[PDB]
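Just the one chain here, laid out as structure tokens, in the form deposited in one PDB entry.
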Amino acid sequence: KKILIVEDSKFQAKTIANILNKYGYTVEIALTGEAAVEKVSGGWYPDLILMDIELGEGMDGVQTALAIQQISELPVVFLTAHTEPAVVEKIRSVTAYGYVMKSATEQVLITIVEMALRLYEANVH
């Protein structure tokens, strides 16, 4: 199973990657939404995307998710830095499998990943 982590902070991205590797996932990191779209449109399809909602100066996570979902129906779980995130109205067009705080425990993060992976297979069926 391949996970793409899309996150403006390399430190946060690496912190999550290390957690995921501990459970047997191979992980790629994109530090902008544009990089993520390029990777997936270039032909590398992950089994799941962990997407920072805000991102940086470029496209935000909701835009990135909506772009990727035109390429392929892949499950997206959003990462949040705030208890109540700025979610743009466009979220209505994105299929989200979950939202998790970047400060959440390993148990909460891996559970959401594992459940999203199974829910995806059930619907993609």
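When you see a residue number, it is the position in the sequence shown, counting from 1. Here the rigid core means the biggest group of C-alpha atoms that line up within 1.5 Å when the two forms are laid on top of each other.
Not pictured, yet referred to below: the form deposited in another entry.
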query: 2 Å-or-more CA mover between the shown form and the other one, where superposition uses the core and the choices are 87, 71, 35, 59; finding: 87
query: Comparison of CA distance in the other form with shown form for residue 90, residue 111, at least 3 Å; finding: closer
query: Note on residue 99-residue 90 C-alpha separation in the other form, which departs from the shown form by 3 angstroms or more; finding: closer
